[PDB]
Structure formats: C-alpha cells, structure tokens
Amino acid sequence: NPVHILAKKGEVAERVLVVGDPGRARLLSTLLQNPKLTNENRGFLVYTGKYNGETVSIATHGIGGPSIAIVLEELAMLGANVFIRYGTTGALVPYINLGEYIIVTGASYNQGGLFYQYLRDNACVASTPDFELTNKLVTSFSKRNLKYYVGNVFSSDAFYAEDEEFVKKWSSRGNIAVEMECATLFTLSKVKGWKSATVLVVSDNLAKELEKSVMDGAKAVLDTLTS
Amino acid sequence: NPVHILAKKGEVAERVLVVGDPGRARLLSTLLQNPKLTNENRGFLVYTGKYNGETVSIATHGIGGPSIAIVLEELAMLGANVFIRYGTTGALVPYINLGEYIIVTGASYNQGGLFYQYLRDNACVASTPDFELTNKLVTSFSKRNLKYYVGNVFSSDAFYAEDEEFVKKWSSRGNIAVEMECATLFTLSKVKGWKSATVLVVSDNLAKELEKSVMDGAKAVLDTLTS
Amino acid sequence: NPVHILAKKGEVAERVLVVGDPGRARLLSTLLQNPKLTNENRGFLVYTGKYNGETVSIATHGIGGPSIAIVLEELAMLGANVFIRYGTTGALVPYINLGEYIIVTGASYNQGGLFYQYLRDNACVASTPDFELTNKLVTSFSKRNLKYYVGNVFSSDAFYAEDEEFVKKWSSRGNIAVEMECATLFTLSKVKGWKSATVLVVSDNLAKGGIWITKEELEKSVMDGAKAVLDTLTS
Amino acid sequence: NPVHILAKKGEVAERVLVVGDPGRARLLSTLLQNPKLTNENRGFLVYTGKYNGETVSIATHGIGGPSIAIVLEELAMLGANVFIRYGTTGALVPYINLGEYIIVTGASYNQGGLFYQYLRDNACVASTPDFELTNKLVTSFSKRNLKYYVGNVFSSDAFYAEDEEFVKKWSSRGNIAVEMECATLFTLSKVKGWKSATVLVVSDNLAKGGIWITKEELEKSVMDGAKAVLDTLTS
Amino acid sequence: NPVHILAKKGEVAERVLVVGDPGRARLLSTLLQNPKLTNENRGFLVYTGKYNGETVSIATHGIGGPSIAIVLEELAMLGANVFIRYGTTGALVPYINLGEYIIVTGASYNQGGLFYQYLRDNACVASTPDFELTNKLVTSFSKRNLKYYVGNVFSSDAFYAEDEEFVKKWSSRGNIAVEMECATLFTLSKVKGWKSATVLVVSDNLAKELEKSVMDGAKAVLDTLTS
Amino acid sequence: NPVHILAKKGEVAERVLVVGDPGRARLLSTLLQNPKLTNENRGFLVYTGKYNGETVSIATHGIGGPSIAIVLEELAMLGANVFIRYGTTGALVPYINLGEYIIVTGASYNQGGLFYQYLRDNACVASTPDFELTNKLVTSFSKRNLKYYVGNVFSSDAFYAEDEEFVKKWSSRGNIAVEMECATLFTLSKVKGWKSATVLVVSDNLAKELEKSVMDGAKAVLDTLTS
Ligand SMILES: Nc1ncnc2c1ncn2[C@@H]1O[C@H](CO)[C@@H](O)[C@H]1O
Ligand SMILES: Nc1ncnc2c1ncn2[C@@H]1O[C@H](CO)[C@@H](O)[C@H]1O
Ligand SMILES: Nc1ncnc2c1ncn2[C@@H]1O[C@H](CO)[C@@H](O)[C@H]1O
Ligand SMILES: Nc1ncnc2c1ncn2[C@@H]1O[C@H](CO)[C@@H](O)[C@H]1O
C-alpha cells in the first residue's frame, strides 16, 4: 500500500506524463479535459483527465533518483505502466539552443546507491528508453515542426558539483545534456517491465520563455502518450 | 544564484529546521510568531518567523540525497549555516515504539553517485552530526520528558528495495532505524562547514497519531534551535 | 601507423561491415563487385569492393572487447568512420527462434579493464548505437520481410564463466541476448566520434537448449541478413 | 580459544584501557593497585589491577586494524566488553598544540580488506563510539581541567604512504587528526556489541611541522590523561 | 562440444605452445616432426606433431583476455593441460633491448569483467605461472645461451590507451613489460589446475633480426615443453 | 627519523630476517654470532650480529599489513634492502602436514586501504617475491632435506572472519595457505626496489614441534640470506 501518493486505485491512468516540478504539473493539467486532483500528499500533485479520448495522468516526481523511484513504484502499484518524463536540462554542447528539445536515447550515470540496491551489484546495465515509444516521440515532434535533437544524457546526483572539467568530460563521452532522473527511470522500467521515454526542454547551456517552450512540447508529448 | 528556492536573500534565517514533507513545514509554521511564506517554487515551502526571540526558518527538502543536497546548498547561499532535520523513520529493532523519537549520532550509507561526485573518490567519510548541537537536542527532549533513543541510522536510496534480509543486515551493523537523508546532510555539512543534527519520529517498525508526536517533538527541536 | 591491419592509404572504405569470424568475412565478400583482399596480417581479413555501385569494406575483428577495440582503432586510422557489426548471439528469452535476428539498441556490461583504461574512471557511460543508423537497419530488415527483434544485449567477457543464475539475471535486467563486442563497439564509437550499429543472428538459445539448426539453414540466415545490412551501409 | 593472548578465566576485566605501545601499558599499570601481568605472549602485554577500588585491565593492541581486531576479539572471549583506546595522534589542523587531547566522535576510513571481510560488502557503515561513554570522557577531562577537542579522525592504514594533498584532503572532510585503529575499534564494536570510545594525545601536528614536544612533557601529558580515562572506565 | 576449436578428440596434445598470431603458429609448425593442421575454424590455427619424442601442439589464441580464455578452455576440453605462451611485448625499462627475451614471473592487471565473471568478486588473486615450469624455461634459455630477463608484466586490455604517464606508473609498480594475455592465462590456469608459463620477445621499448629471435626462442620453448 | 624502530644508523644490516613474534626474534638471535639488541621500542625487537661471515639482522614486524609496512619502511631507512619473512600459516589443502614448510611464490589479497594509499588506485599489482631469492630458498631447504611445498598464499586482514566457506574459496583460487603479511611485503618491495621472499611453518590445517620446526627452518633461511 503506497504511503506517498495517496490516490485510490482507478484514479491513476495506465498512461502517465511525469514532471519534476509540482507547478508544471498544475500548468499542464489545463491541457486535459476535465482534470481532477487525485493526490497532493507530500507535495506530489497528480492530475487525472482525458486527452484524445484517452485517460491520462500528469504526476509530479520531485528531484533526484530516490524521489522518482518512489513515485514510479507507487504509480505502478496503482495501475500505471507507461511513463514519459517531460523535464528540463542543461545542454553540454554549444550548438543546442535554449527552449529547444532533447529526445533521450540513453542515460549515463555514476554507480552506487540506488542502482546497487536494486541491481544487487555494480554491473553497468544499459539504461535506455523503450525503442518504439521513443520513435513515436520523434515522429510526433517532427509533425509539430519543433526543433529537437536526439542523444544520450548524464543523470547527475549532485547539481552543485558540476564544474567546467565536468562539461568536457561528459560531452566527450557522447552525452549532450545533463539532468538527474533519466537513468533511474530507464533502468527501473527495464527491471519492472514498464515502457518509458523522456523529452527535455533546454533551460541552460553549460558549454556556452521556458513556459512557452514547455507548452508547445507538452502537446506533442500528450499526442504521443495517447497514440 | 539559486534556481530552486527563490527566496530573497535576507528572508532565510541562519537557523533552519528542515523537513521532507511540505505539509509538515506548513503545520510546524503555526508554532512560529508571525510566519511568512518566503518560497513555494517547485513545492519547496519555506517559512520564516520568530521563536524565543530568535529568527528561524522552516524549510521543505523533499525526498532523497539529491533533493536535500540542492535545498541545503541554496539555503546556505541565502545565509543559513545551522540545520536540524526533523523527519520520520522506520525502526530496525523491536523495542522502539511508534511515535517515539530517535536522536541520530551517525549515518551508514552505500557508496555511490552523490558521495563520489562531492568527495571525488569512494572513501568512507565519517557521516556524523555536530557534537554540541546533538547533545543540546538530548537535553531538550529530556527536559520535555519525551521518550527517545540515541543511535545510528542507515540512509537508504531505494525505499522499495528494503526486504527481510535488509532489517537483520543493518540492525546487526549497529543501526536502529532507516531513513533517506541523514548521510547527505551530515557529510555535506562537514565539507561545507555547517552545524547539523537530526531527530526522527518513528512511523513504522520493520522488526515487528503521527501529527501528535510530531507537534510534541517540534517544540523541543525549536527550543534547541533557538538556544 | 597501424601494426595489426597492414593496409595502405585509400584501401579501406569509410563504411565497414565488421564480423568476428574471418571465415564469414571471406564468405560475405562474394556479395560484392570485384572484391580485393586488403589485409591478412594476424588473420584479420579485410576485403574492399562495391555494393549497389558503392565502395565498402568487410573486416574481421576477432573475439572480445580488446580485439575489436584494436581493429576499430586501426581501421579508423585508415579512414573508416561508419561501422555495422554483424555477428552471432545467444538468446536469453524463450520466444526467439534460431536463425532470427536481433537489432541492438544498447549494451550492458561489467565495469573494469578496457572501459577503465579508456574512460579513466568507473562511471557507467551509456553504451548505445547511432540512433539514425539503427532505424535504417530496422527499415531495411522489414523491407526484406525478415524476422527480427529489437532490444539490449549483455556483452560478456567470459564465454565459459559459470553463473547458475546467468540467464535469469540478465534477462530480468532488460537484455534479450548475449554476445561479446557490442559494449566496446558502442562506447568507443561515442568517444571517438564514429557512427555504429549492430545486427545479430541468433545461433543458440540459452533459455531453451532444446532447439537447433544446421549450417544449411544458418549460413542461409547469415546470407539473407548480410544483404539487408549491406543495403543499409549503402543507403 | 585465544591463540595470541594466553590468559586464563577471570584474568581479564570487563573494562579495558587499550593502548598500542606495550611500553605505555607497562608504565600506566603503575597507576593501579597490585598490578598483575596476565599476558606477555607475542609482546601484547596485559595488566590487571584496581583503580578507585575497581577491577580493570590495561592491554596492548599493537599497530593497525588487523592487529587491534585480533586483540579485541580475544580480549572479548576472555570476558571484556567495554574498551577505551588511549593513544597518540597527528593533528590535521593548525590550532591544536602538542600534548593536548582529542576525544573522538567518529572515524573516516578507506574501503578495504578488513572491513570487506567482516561486513561482506563495501557499504560505508557508520564508525562511531558509544554515545554515553564518550560524553563521560568529556565530563571527566573537563573536571580535570585538561585541554581537549572533540571531532572525527581519519584511520589510515599506511603511515608512510605519499599524498601531496593529505592534510588538505582529510581536514576538508571534517577530520581533525589521523591515527590507525579507531575505525576498526568502533565498527567491530558496533558489530560485536561492545561499548567503545577513544581519547588521543597529540604527538605531532602535520599542519605545522614547526612545533615540537619533549619526551618529559609528553609522558607528562600521557600520565595526566590516563587518570581521566581511568576515572571514566571505573565510573 | 567446443564451438571455436573444432579439432577432433585426440588431435590436441597435453602439451601446447600458444601464440597470438596465426602466421607465427604456421611458421613455428615447421619445427615439429610430421606437422598436421588440426583446426582452422575462426582463424584459430592449431598444428599437432612431435618434438623430442613427445606429442606437442601449437595453437593460435588471438588478441586479448576474452579470446585466450575461450581458446584455453576448449583446448583443455580437448585434453590440453600444460600451456606455454610465446608472444611479443613492449619493454617498460630502458635497459632491455629489442629481440631480447622476457620470462614472466607474474602479471599485474586492472580489475574487470573477465576476472569478475570467473572469480565472482573483486579479489586480487595472485596471477602467477607454474613455479617449476618457469624454472625449466630459465634453464632452457640459458642453456641455448640466450639473453633474457625475469620479471612481472602488466596485462593491458586497451592497446590504444597506453600513453606516457603509462610507462612511469607501471614500471614503478615493478613491471618491466606490457602485453595483453598473461593475467588471463595465469589466473585461469590456477583456478582450473593447468600448468602454464610465458616467454616474450621484446618487439618495442616504450621507455626509449626479429624473425631470428622468434625462431631462436621457440626452440628453447619446445625443449622445455618436452622436458 | 624512524619513530618506531629507534636503532642507530649502522646498527641494522642490509640483510634482514623478519618475524611477527618478538619471542621468536629473541629465540632466533641465538643462531647469530655475537648478537646485540639494537631496538626494543614499541615491542619491536631487533637483533643484529653475524652469520657465515656476514652481518645479518632479525626484526619483529608485529601482526598485519599496516604493521609490517611501518617496520619495513623504517628498517629500509636505516639501510636494510633484502628481506625474508619467516612466519606461521594455516594450510588450505589436506595433503600438507603440520611442521612442514611453504615457500611462497605469490600472494592473493582483497582490495584495501593500504594498497589504495600506496598504489593510488584499485589495480591488482602482481604481489610476488624476488625470483632469484626465492630459488635460493628452495635450494637451501633442499640441501637440508626439509619437506616443503611451493605455492601462493592468501594474505587475510581479518583473522576472526575465516570460516569454512573460506577454505573452499581460496583453495579453488590456487592458494595453499593463509597468513597476514605477505601481500604487503611483496607489493611494497616491488614499489620500493627491495628484494624479498617468504618461508612459512604450517601451524594449522583448516582443510583437515613448532619449536623444532622453526629452528630447523631458520637455519635454511639464514644460509639463504648470507649466500
Ligand atoms: N544543469 C543541470 N544539471 C542537472 N539537472 C538539471 C540541470 N538543468 C536542469 N536540470 C533538471 O531540473 C531539475 C534541477 O533543476 C532536476 O529534476 C534535473 O533533472
Ligand atoms: N521505512 C522507511 N525507509 C526509508 N525511509 C523512511 C522509512 N520510513 C520513513 N522514511 C523517511 O520518510 C520519507 C519516505 O517515507 C523519506 O524522506 C525518509 O527519510
Ligand atoms: N606495446 C604493447 N602493448 C600491448 N600489447 C603488446 C605490445 N607489444 C606487443 N603486445 C602483444 O602483441 C599483441 C598486440 O599487438 C597482443 O597480443 C599483445 O599481447
Ligand atoms: N590460520 C591463520 N590465519 C591467518 N594468519 C595465520 C594463520 N596461522 C598463522 N597465521 C600468521 O600468524 C599470525 C596470526 O597468528 C599472523 O602474523 C599470520 O601471518
């Protein structure tokens, strides 16, 4: 029995759009038909409504692997099995501009903690999203003529430990942006059998309005989610 | 400049009581004189008021090491340097009862992400609270005739990876309870030069109402913070 | 200058089909127009010719991460920058039949050795193939009406290492097959800037040792797949 | 049965003051009433007598984690369960003068063999002394008007290992001194169920190699502190 | 049934000289009496014949730990139990000249996959050759009046990641040369009960005629194997 | 200036026989000509005298890697450069009887602090003795008709954590006995340029005359040191 998200079974859809910021969940709920607040416990706002004749929920996951792991596990216990994370990220390469999008194809991460507790050892398990769902995202973002890039990201655990040596190291490893929850989402999804994907809004560039960019892409994500 | 906690510098006190649940922050603010909401961005509610002739803030830190690390770093950037975490925990031994308290003397943890990024290697740095501040807590709880225990806790990163083997392993290692933020709080405080401590309310017992226990202990915590 | 693959300037194409078995490299070369043996030093056979009127090369990479790492580095020094591995694999799930194909989307691996020397620490860098090239492969195989599955694989370093929980461990982690070079191929490519992808022919099923197939049916599978792969490299 | 400390039933007290130097164990035994040598095998001297009308023992633990682990395990088999280590240390901060004292609140350490063998994995288990016993030491030292500091220490395994940033590294991590046995003492105690604490006499300052102390002044410091320690052990 | 070395049962000797290069195996087979090619699959050439009235085989092992592991395992399944590797190496000390020989007494290695899969943990198991067999090699080489040095070598997994800082680091760790298969050979042999050793021909010096060297040594090696 | 071994410069020989037990050091000193005690500090007894027309020292190293490292370092600062450890060990194979000897060819060890502090990373550096010195030991024990076995040993750090699962694990990894200082001695010697070896007396057999045995062996050891 979930102890963080206090929604009743049947109040959470199988399809869920997950965001870190409670405020974004509230803003994006205005895109659903007849949205209802199914949970507010511990600040994790969850809204359930309709979109393209499909029931969908928008849920808050907070910051970090431990936080999103808990939210995903409990949403799953209430019926969810398809998740698409819509967050913000810091670009690691110069050519990507603010307000543009990144569709994630994989996540790099440092071993330990959460991963050791779930996997039982330090093996580097491929942290990747569902192949088909990610391709649908690309197709959806193209249909809407939105500027996007496709690549891997580094899921950091320490926001304030990202210096300059940091940027060169990670971009030289094939990552084009940094965020904090993708590796946990993809890996846990692989173990639990959930279908997940992620699209990010570039809010900063470490190598070198948000709300407007957020709204445009949210519609592309919702279309993908309900397709 | 902080991008999560949007409080104006000067609106955050040097002394801060930190809690994981936004709802508890709101509930505990009623114990302050003339409380003002100084931040609500991303759901991290921060209240600032007075207590026993001292300015004090009550801040939300969310769940997990990555989350509290961000909140502490930003509160510190706004002026804070003394932190006392007041959370909930699951007892790992049979004799501790629900509603009783645990004053923390140390935190065990699994190596990984956050710690590697801050410490730069995998050394096991002693994750302990400020000695003087912790003794003051013990004195305050005794004065108010509250039932407490003193011991180490295990700071877990995966709430849903805690099985049977789990309880015996950690209690046999000298830990009497499990929570998720103490190790990050103590270690980062040692590195940043902050004075930190922690008191926990037992909400569950893994070996074998909350609001009531929470309110009683909050006063002892605030007395300690303003002494 | 390369000390294993002794090829001269302009003899290696930019686009290369890489396989572990030199016997297969020779066999596949017969699908090209006027194939020329560019290298045979240390057994690493490399042929260069044309397909659909396009210049391409087929090279041998041997067994394991250390071997394919050396071959990829020297081939790139000779001018290559696009690599598609075409090999064999063992399925980790019961529903995949022998002779079918697996288009790789990522590779799991145990930390250490080669990765520590190249990456300088033990971070788990995402080991994935080029997004676009992989989708081209999916398109090519479906147009050839071939049966394939899409998923991650575990790149093992010890073919004969015992683990009474092997199949269950890796299959429970999202992997549908096991081989030995993909992690090295994908990670080294991300670090060096090469575009890589991988397609594997199921030559055995570890989750069901009851099934089997003969070379007549296997080589047949290898041949049909090579055509789809070559189409993609020439696209 | 113990194979290092050859003592009989009842020769070892429940409360034990442990020191690394057998020469110090002998010297300190003169503070007890009717001291009796209960062991001398392998150089690990153990004396048993009375202080303030209380039976206690002073034992030698040698240098390093592996050594003190063996000694503590055998002393416990002989009946001991309360241990207070009293040793020497090197300060990692400039403001601590030689001859002063450090009451340990925790110990930092590098993952390693000893801990892996006992813990069965590499988790960073909190290495802390008994809360109450440590507070008794603080009270005792202040009542004897002695200058002390409270803080964490780094338990090193390599006295002569080179590290250009040693002092800066550990002091920046909240440690004010370095020694070699505390982490093993605290962790093994938590695991076995013993009550332990530690008090150290600063015999050098790595953050200031300029200051020095003479043997007469030092032993003087050791003597004074030992009284406070013994008061606590017999409280 | 071995899937790489398809030699017939009885076609592989108990005594085996292993080399990484197929061409060297071919070239060395001319030192045997009545040599017959017993395997060609996957390029792993294996020849079997006689020398000093004893049956002996010369096998190709390819490049790297994973490759030699497979070959050794299958050769053993076919009856081999004594292995002597004859390869090339890069000197890490300036006093060793090209063409001279190095008789290995131990192998340094970085912890990694292969060792983890076979050992089941990160323990540093001593990677050493058979003591008696190694002394027989020393005798054979001095008897033929050859110039050799006895010492430890570093078994690298990444040929193209061995920069300059490389030389100082490994030479200061007691290693006088670098190659890529010795650690695997020695450790696997200790676990399986095989008797192994290694002699190397210096083909390069990273701190600072050939054909003849290879041939000269091969004869000293064959005498040892058949002693 | 060494702070543990207070011997005067010139009072310590270049050739040193090291033992863990102070009592054995005292006992073995009677084998030297005109033995003089050169150090007593901290219980680390050191005697110096002559044997076969050569200056030799017998030093106490205490128990464990950290202890022998300190002693070896200070003895070297005083002029020692050739070390031969003579200790006791527990056999890991049933065919080795009490009182017999084991000449060590290598040492297995678990990654740990001491090796990390000296090596600066987790690399498994070959922990082996000097090849020449070890062969001289074999010769010495043969000329005296003593029963010995050559093989690798496991250098444990936790004496009281050596259960039964223990025996099968290390014996299957090619180790024939367990002790506590060889890994440290061999690795530190390789890094420092010292020549070291080790002979052990089997005191116990975990798979299934300490006076007389020790004495008989010590003589073979002293002959080797002065050859
Ligand atoms: N520069 C950045 N580094 C790490 N996370 C970032 C960054 N920019 C945005 N984020 C994302 O936004 C939140 C932190 O602001 C986290 O949930 C994280 O996923
Ligand atoms: N059983 C438990 N395991 C881990 N954290 C717990 C437990 N009970 C309460 N907590 C604390 O409460 C939150 C999760 O409920 C986290 O912030 C954590 O610190
Ligand atoms: N400098 C070197 N570094 C690594 N391996 C080498 C070197 N020189 C020769 N080799 C050996 O030759 C092959 C690499 O050319 C491998 O099988 C390896 O054992
Ligand atoms: N069974 C054993 N396990 C570990 N060390 C042993 C054993 N037998 C003898 N020793 C050696 O003797 C001492 C422990 O009695 C240590 O110095 C160690 O090297």
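Naming convention: chains lettered A, B, ... in sequence-line order (proteins, then strands); numbering from 1 in each chain. Side chains included, hydrogens not; waters and symmetry mates left out as well; all remaining heavy atoms used.
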Salt bridge between D:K220 and D:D224, side-chain N to carboxylate O under 4.0 Å?
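Salt bridge between D:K220 and D:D224, a charged N being under 4.0 Å from a carboxylate O: yes.
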For the pair B:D121 and D:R173, find out whether any cationic side-chain nitrogen is under 4.0 Å from an anionic carboxylate oxygen.
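Looking at B:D121 and D:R173, the cut-off is met.
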What residue, out of D:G106, D:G151, D:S127, D:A107, has the most heavy-atom pairs lying under 4.5 Å from chain B?
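Heavy-atom pairs under 4.5 Å are most numerous for D:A107.
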Which of the residues D:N135, D:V191, D:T187 is involved in the greatest number of heavy-atom pairs with chain B at under 4.5 angstrom?
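Max contact count across the listed options: D:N135.
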Residue part contacting chain D, namely of [X], when any heavy atom lies under 4.5 Å:
X      : value
B:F131 : side chain
B:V153 : neither
B:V125 : both

Cation over ring, D:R120 on D:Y118, under 6.0 Å and within 45°?
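So D:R120 doesn't make the cation-pi contact.
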Side chain, backbone, both or neither: which part of D:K192 has a non-hydrogen atom closer than 4.5 Å to chain B?
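D:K192 has no heavy atom closer than 4.5 Å to chain B.
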Side-chain donor-acceptor pair under 3.5 Å between D:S155 and D:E181, yes or no?
no
Does a donor on one side chain sit under 3.5 Å from an acceptor on the other, for D:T234 and D:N52?
no
When only pairs under 4.5 Å are counted, which of B:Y109, B:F154, B:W170 shares the most heavy-atom pairs with chain D?
B:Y109
Is there a donor-acceptor pair closer than 3.5 Å between any side-chain N or O of B:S108 and the backbone N or O of D:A126?
yes
